[PDB]
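Encoded as structure tokens, the structure appears first; notes follow it.
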Amino acid sequence: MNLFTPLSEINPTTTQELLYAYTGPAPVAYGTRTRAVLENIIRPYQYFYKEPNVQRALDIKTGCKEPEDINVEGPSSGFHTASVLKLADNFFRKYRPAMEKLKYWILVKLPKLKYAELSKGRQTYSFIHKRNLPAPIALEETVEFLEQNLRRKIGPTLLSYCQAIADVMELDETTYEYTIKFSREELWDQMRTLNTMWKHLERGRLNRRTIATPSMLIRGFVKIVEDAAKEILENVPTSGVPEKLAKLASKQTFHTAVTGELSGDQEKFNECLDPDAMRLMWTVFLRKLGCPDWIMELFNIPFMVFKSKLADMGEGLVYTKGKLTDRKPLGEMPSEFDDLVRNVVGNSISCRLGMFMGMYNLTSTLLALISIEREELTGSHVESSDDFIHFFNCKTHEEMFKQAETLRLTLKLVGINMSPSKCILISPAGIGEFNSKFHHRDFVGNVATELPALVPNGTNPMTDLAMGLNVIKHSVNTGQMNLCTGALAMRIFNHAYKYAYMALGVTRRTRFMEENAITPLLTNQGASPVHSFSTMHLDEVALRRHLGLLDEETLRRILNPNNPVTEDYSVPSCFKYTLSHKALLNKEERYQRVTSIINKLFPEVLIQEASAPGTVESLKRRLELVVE
Amino acid sequence: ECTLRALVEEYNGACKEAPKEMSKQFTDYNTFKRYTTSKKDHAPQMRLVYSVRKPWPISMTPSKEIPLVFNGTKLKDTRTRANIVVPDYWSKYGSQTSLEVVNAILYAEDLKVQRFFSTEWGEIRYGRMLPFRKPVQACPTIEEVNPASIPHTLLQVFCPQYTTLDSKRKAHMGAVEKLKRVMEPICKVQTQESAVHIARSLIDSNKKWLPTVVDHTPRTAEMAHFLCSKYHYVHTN
Amino acid sequence: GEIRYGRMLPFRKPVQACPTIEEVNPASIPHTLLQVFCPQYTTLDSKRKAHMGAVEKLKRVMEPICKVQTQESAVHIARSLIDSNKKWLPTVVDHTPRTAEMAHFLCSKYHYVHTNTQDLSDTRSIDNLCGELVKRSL
Amino acid sequence: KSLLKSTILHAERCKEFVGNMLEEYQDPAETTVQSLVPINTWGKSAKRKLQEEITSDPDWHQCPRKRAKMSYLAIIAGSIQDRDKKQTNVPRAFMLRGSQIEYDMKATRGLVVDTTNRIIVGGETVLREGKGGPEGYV
Amino acid sequence: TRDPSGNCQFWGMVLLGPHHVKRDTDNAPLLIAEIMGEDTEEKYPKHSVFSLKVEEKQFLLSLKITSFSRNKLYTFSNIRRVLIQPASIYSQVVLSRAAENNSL
Amino acid sequence: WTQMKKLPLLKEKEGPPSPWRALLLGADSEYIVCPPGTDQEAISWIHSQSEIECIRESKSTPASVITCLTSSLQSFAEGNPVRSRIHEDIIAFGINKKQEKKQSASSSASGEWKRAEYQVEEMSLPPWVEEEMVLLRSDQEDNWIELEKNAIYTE
RNA sequence: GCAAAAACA
């Protein structure tokens with residue numbers, strides 16, 4: 001470690017990039033997630049009171065708590081209703097243009113988003129197949145269920161989807177097309193159910209974490225509230241989304257004044273938040289901007305449903321008799337999670353207060369920001385999920401201490417509970433860290449969490465080369481890499497790219513090209529690379545013809561549109577090729593026919609969305625017009 | 001030309017082979033456009049080594065021009081599968097094509113070549129510079145097209161007759177006619193599914209964060225990865 | 001595996017009593033043992049008639065054993081390790097356990113226990129060699 | 001490796017092999033020789049070199065180095081020649097068909113290496129100058 | 001490997017067992033043989049060290065039984081990426097002492 | 001809020017020195033110089049010009065796996081990179097080890113079920129880490145880094 | 001045996 005701290009010609013801040021476990025395997029989560037999920041569920045109940053009384057906390061419902069009860073010496077879950085209301089008021093009064101643009105978003109383009117964008121989401125646990133399905137499949141199955149059990153056709157807008165969910169939730173009995181039936185309580189429990197799974201490829205901590213994904217029924221509400229949160233976050237200077245750190249770095253203060261710099265993280269960030277605080281925040285903003293009531297319900301339903309979450313507890317606790325091991329569900333035998341036995345509902349478990357990762361990473365940031373807005377907090381704050389940086393600009397050291405302490409207390413007011421061990425404050429400003437960026441005087445250093453893959457993506461030679469060079473270019477643009485690093489990385493990528501496509505040594509492709517007198521004219525064939533550090537933003541084929549390394553006859557041969565095989569800035573060619581109890585493989589093929597007839601008839605869908613009212617048989621209207 | 005009703009045969013087959021699925025709305029295309037039953041793997045690059053080394057890696061469209069066996073080497077599986085050595089075979093003994101379509105296909109990529117080589121750049125100046133990342137236009141465009149009007153411009157150059165008069169007014173005049181002189185060789189349906197990407201690139205004015213020690217024009221922003229850095233600068237000329 | 005009860009017609013055949021580390025023809029067993037234990041009292045013909053792979057395996061096996069077993073005990077332990085010693089037993093067709101070590105457990109007149117064991121023997125390769133020789137000789 | 005071990009270690013087999021290759025007579029190893037050497041145009045030069053080496057040294061079939069040189073020349077001689085190409089001089093070394101293994105006339109590198117102390121064929125010391133038993137014992 | 005004279009450098013051999021692998025994180029049996037320079041009991045307690053005699057020279061051969069997942073093997077096949085960070089430090093130092101006086 | 005003069009002092013775990021746990025050997029890595037040729041030629045040379053005798057035997061890796069290693073060397077020399085299984089391969093790759101352990105545990109099971117309560121043994125800093133660091137510094141005759149250069153167009 | 005709060009074998 002003494003070798004990572006230079007004392008001359010270079011400061012430790014720049015060499016802190018060496019304190020990264022690059023090029024090593026990322027930690028991988030093994031076994032059952034039941035213990036981790038149970039711990040995640042039980043943490044918020046252990047921090048509600050200063051004295052740990054878990055059993056009393058399992059029946060609290062609304063997590064509002066009185067002052068002189070928030071744990072100031074440790075984690076504290078819950079929130080103070082009056083504090084939340086006042087802080088939301090203060091945040092609403094400030095940042096008026098952000099509120100006006102939120103009003104624009106919620107009045108004009110809110111009833112405009114297509115509901116098909118839920119297909120580009122994350123893995124979803126289907127409530128009909130009783131397993132995990134891709135998001136487009138889950139969306140299609142859910143809309144078929146809605147059509148069957150509601151009899152009204154779903155409109156293109158996602159407001160129609162939300163109305164359909166709300167209407168179908170009031171039916172006492174529902175049946176899917178097979179021909180399985182759902183009770184209303186069963187469907188409600190499925191909506192409450194949260195599918196938890198291990199979080200993979202997570203570097204930066206010793207202990208593995210679990211993330212939870214919502215059901216497709218509530219995903220529309222989750223997406224609308226998340227989109228509103230993102231829209232209001234893009235237009236506030238205290239958010240963690242844009243150059244904010246560099247902007248605050250380029251700040252000059254008074255000649256003789258105390259300028260603090262607090263950089264820290266959040267401990268138990270998802271184990272100390274209550275959806276009711278988010279409810280209060282959103283209701284305050286909506287009420288003081290002047291939206292109608294149906295907007296109130298539309299924005300409040302997601303947290304209402306999340307207050308009754310039924311996160312799945314994995315596969316069960318691990319019990320060992322001798323050398324044997326067994327997986328046992330909670331409650332079968334005594335353990336350290338006996339207080340949650342009463343809340344076990346089948347394979348799932350009920351927890352009224354608490355949060356999970358991957359659900360609301362923007363509304364939590366909004367809650368933290370509304371906590372920031374106060375009177376005596378005359379400083380600069382940047383918040384992004386569980387990481388933050390704060391700049392103090394006051395006149396006295398004790399004033400800075402009071403500001404930091406009231407910042408901590410106000411964060412605790414809504415239950416943020418920043419980690420004391422992870423928070424570092426520097427009396428003179430100039431050194432700090434936020435996200436993976438590092439601050440030293442007037443320079444901010446961007447250090448990547450992951451190195452570029454430096455390997456072909458794995459689709460086709462031209463696409464893989466284009467994506468690799470673009471990734472290297474993005475890495476060098478963000479300041480993470482420089483001349484030497486960029487050139488070395490592109491040499492490494494060139495070697496890996498040539499190896500992966502049988503262009504190194506003796507192999508089938510090289511022997512085939514040698515025996516038939518086929519001269520390798522491209523990088524994937526085995527030719528010398530044409531791309532340089534400056535020219536890495538140029539296409540290979542376009543660059544080779546200018547230098548005379550690719551004869552026009554060869555271009556005619558390869559760029560033939562009548563070719564057997566046929567952002568990505570690569571021209572199509574012969575090298576643009578695609579590598580070769582479910583009971584669902586047939587319907588993806590018949591959907592292929594539906595997608596096949598389109599993009600052959602309509603140039604329009606290749607430009608914009610399919611905005612054609614009706615159009616069930618109605619496609620014949622276009623074909624007749626083509627003839628006419 | 002005698003194949004127009006073959007397009008209709010796709011509809012007739014769809015009604016009889018795929019009942020009550022193609023009957024859904026045309027607006028649902030945005031839902032099942034990406035419909036796949038294959039799981040989205042977390043690392044497609046880990047399977048590239050096997051896939052190239054896999055026998056019959058490429059699934060080509062059936063054709064007769066490519067020999068089944070060439071110089072004692074099996075090439076196709078007789079959609080049919082192809083050997084890994086079919087593309088480089090096409091690079092020497094492949095079919096010919098018109099010269100005009102070669103430029104059109106490679107268009108929107110050549111323009112970045114001479115525009116770089118024509119630039120003289122300048123002497124390298126090393127200093128304690130502080131690049132700040134500002135959002136600027138990535139690549140120069142032939143015409144300055146307003147955001148949210150780019151798709152309207154693309155509609156005219158591909159489907160001018162199948163458009164709404166409302167979209168006509170909100171279209172960049174002075175740039176629609178410039179695209180037809182370069183998209184004409186590739187305007188045919190044979191290579192029209194991908195020609196939208198090339199046509200879009202001409203007037204795409206997307207904004208990305210680039211290192212800027214001085215106000216960067218699009219002429220100097222596309223190659224900003226080497227012009228300036230923490231320690232060096234290039235006077236673009 | 002799982003017990004499959006059922007009436008069975010026995011097939012009486014000689015089966016190997018216990019598995020051997022290496023199979024050697026009976027004529028070569030004494031020479032193999034002589035090479036393993038007392039190479040100093042052998043001739044080149046005896047060495048040529050010995051199975052050298054079995055000699056190496058047996059020497060490696062009996063390096064620690066000969067320190068705790070007398071001469072004759074070690075000699076006959078090695079012999080048992082390379083002797084077939086087939087014995088007649090009632091077996092079940094297409095269920096031969098290749099060795100009678102487990103017949104009481106895996107077999108009876110009322111049941112068999114399904115097991116998944118491969119040959120793990122070089123007899124297939126010797127068949128391949130002999131087939132090539134016969135095909136080219138014809 | 002097997003063909004060269006056959007020719008080097010035995011003088012009579014080398015005699016028969018060279019005689020059959022030189023006079024185009026039927027040989028047991030015609031298929032192996034044809035499959036080892038690529039389609040070339042060195043057959044006439046190889047047969048010539050055979051002629052002068054036999055005439056110059058009638059007593060060649062006693063030095064294993066001479067046997068190696070004669071075996072290389074005969075292997076090239078019995079190769080599959082090409083019709084539509086004029087014959088060229090035999091090279092010092094060639095590459096085996098469909099492989100990157102080099103066979104060298106001087107046996108300084110590749111498949112055959114003949115050092116002063118010993119001869120190595122395919123990584124194995126076939127013959128040792130003083131300590132060996134290629135002819136066996138009685 | 002090959003030194004720049006054609007000679008072959010034998011670092012060792014890795015043997016891969018049946019490895020009926022299903023999941024991308026599943027282990028695969030390996031038997032790794034390596035040419036060791038100096039044996040140490042407390043540093044290699046799970047290794048078996050064998051004497052190796054080639055051309056009257058002395059070498060130590062180490063054999064270990066390991067199982068190693070596909071993800072980790074793929075990651076270590078790209079071990080050449082470890083050169084970037086020291087290259088980053090070297091480049092930053094060199095360019096700082098080029099920005100000081102406009103002299104590379 | 002408090003202030004610190006002392007930089008934090010990290011506690012050093014005590015116990016047995018941690019052994020070398022890595023896929024390959026690292027510093028103690030050498031090679032045998034073989035005559036020029038292909039991989040098969042080098043493997044054949046090594047298999048035909050060497051004899052193996054065990055010096056140190058570990059209970060974790062039984063010495064019988066040298067038979068598997070030599071069989072693989074011979075098969076690779078004979079142009080067969082993949083070979084059929086042998087008996088010594090049983091305890092070389094953990095074949096049927098899961099079933100063995102499960103059945104043994106079932107046969108010897110006793111007592112009552114309890115929580116898994118896993119534990120990781122603490123180990124001290126080995127003395128060879130400094131030796132590893134100073135040995136990897138040693139100069140070499142060859143470059144050992146052959147990366148193909150990119151093009152050059154600008155200064 | 002690999003690996004760490006249990007998965008592979």
Side-chain angles (χ1 to χ4, degrees), chain A residues 21 24-40 42 197-203 205-210 313-321 323-328 335-337, chain C residues 116, chain E residues 14-33 44-48 62-76, chain F residues 13 18-25 57-65 68 85 88-105 113-123:
Chain A
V28 54
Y30 295 124
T32 45
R33 58 188 188 277
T34 307
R35 188 211 42 87
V37 169
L38 260 60
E39 182 65 26
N40 188 358
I42 204 166
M197 73 291 291
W198 278 124
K199 185 174 175 66
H200 301 287
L201 304 195
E202 188 186 32
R203 292 180 181 177
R205 38 177 293 145
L206 171 69
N207 295 118
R208 317 271 71 73
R209 295 198 279 185
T210 60
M313 45 179 155
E315 309 95 325
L317 267 75
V318 174
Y319 283 81
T320 75
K321 185 184 286 185
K323 290 258 153 194
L324 287 170
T325 67
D326 197 3
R327 292 188 296 272
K328 295 180 183 293
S335 78
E336 62 269 353
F337 302 100
Chain C
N116 50 3
Chain E
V14 54
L15 309 186
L16 174 63
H19 76 87
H20 279 278
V21 61
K22 295 318 154 183
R23 186 179 295 276
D24 211 42
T25 61
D26 274 8
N27 271 333
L30 299 173
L31 180 70
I32 300 170
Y44 305 118
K46 292 171 178 168
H47 295 244
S48 277
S62 82
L63 264 170
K64 192 187 179 330
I65 297 177
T66 58
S67 65
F68 213 72
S69 57
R70 185 158 68 245
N71 290 348
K72 278 196 258 283
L73 281 171
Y74 176 73
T75 291
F76 285 131
Chain F
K13 295 303 178 303
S18 66
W20 171 272
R21 283 162 308 210
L23 186 62
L24 279 298
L25 275 185
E57 199 183 308
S58 184
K59 68 181 178 67
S60 297
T61 305
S64 57
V65 307
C68 318
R85 307 170 35 170
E88 282 80 16
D89 292 324
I90 294 310
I91 189 167
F93 302 112
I95 302 173
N96 289 336
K97 205 66 175 61
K98 175 187 272 290
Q99 195 80 298
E100 190 276 331
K101 294 220 302 183
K102 185 183 287 185
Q103 290 168 351
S104 297
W113 302 90
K114 65 179 73 175
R115 281 293 279 119
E117 61 87 20
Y118 293 110
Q119 183 62 255
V120 178
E121 182 190 311
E122 292 179 353
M123 299 171 164

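Throughout, protein chains are lettered first and strands after them, A, B, ... in sequence-line order, and every chain is numbered starting at 1.
Side-chain atoms of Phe68(E) lie closest to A3(G) of the nucleotides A6(G), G1(G), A3(G). Looking at the side chain of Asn27(E), the nearest of the listed nucleotides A5(G), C8(G), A3(G) is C8(G). Taking the side chain of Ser67(E) as heavy atoms from C-beta on, and the options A9(G), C2(G), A5(G), the nearest nucleotide is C2(G). When distances are taken from the side chain of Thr66(E) to each of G1(G), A6(G), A4(G), the shortest belongs to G1(G). When the nucleotides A5(G), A3(G), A9(G) are ranked by their closest atom to the side chain of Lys72(E), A3(G) comes out on top.
In this structure, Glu117(F) atom CD and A4(G) atom P are separated by 19 Å, rounded to whole Å. The NE2 atom of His19(E) sits 16 Å away from the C1' atom of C2(G) (whole-angstrom rounding). Atoms CG (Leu206(A)) and P (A5(G)) sit 8 Å apart, rounded to a whole Å. The NZ atom of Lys101(F) sits 12 Å away from the P atom of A7(G) (whole-angstrom rounding). Rounded to whole Å, the distance from OH on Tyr30(A) to P on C8(G) is 11 Å. At whole-Å resolution of the value, CZ in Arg70(E) and P in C8(G) are 15 Å apart. The distance from atom CG of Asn71(E) to atom P of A3(G) is 14 Å, rounded to the nearest whole Å. Residue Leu63(E) contributes atom CG, which lies 14 Å from atom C1' of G1(G) at whole-angstrom precision.
Taking the nucleotide of RNA chain G with the nearest heavy atom to each of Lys98(F) and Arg115(F), the more 5' of the two is matched to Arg115(F). Both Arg23(E) and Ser60(F) sit near RNA chain G, but only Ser60(F) has its closest nucleotide nearer the 5' end.
At a cut-off of 3.5 angstrom, the base of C8(G) holds no donor-acceptor pair with the side chain of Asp26(E).
The backbone N or O of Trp113(F) sits nowhere less than 3.5 Å from a side-chain atom of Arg115(F) that would complete a donor-acceptor pair. Of the possible polar contacts, one joining the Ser48(E) side chain to the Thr61(F) backbone as a donor-acceptor pair under 3.5 Å is found.
Using the Watson-Crick or G-U wobble rule with both distances under 3.5 Å, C2(G) pairs with nothing in any strand shown.
The only option from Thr66(E), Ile65(E), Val14(E) that meets the side chain to side chain contact (heavy atoms under 4.5 Å, CB included) definition with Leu31(E) turns out to be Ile65(E).
Bases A5(G) and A6(G) do not qualify as stacked neighbours, criterion being ring centres under 5.5 Å and ring planes under 30°.
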Check: residues 313-321 of chain A side-chain donor-acceptor pairs under 3.5 Å, at least two apart:
from	atom 1	to	atom 2	distance (Å)
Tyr319(A)	OH	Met333(A)	O	3.1
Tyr319(A)	OH	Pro334(A)	O	3.3

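Residue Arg21(F) places none of its side-chain N or O atoms closer than 4.0 Å to OP1 or OP2 of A3(G).
Within 4.0 Å (heavy atoms only), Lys22(E) reaches no atom of the nucleic acid at all.
Residues satisfying the side chain to side chain donor-acceptor pair (under 3.5 Å) criterion with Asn27(E), sequence neighbours excluded, are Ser67(E).
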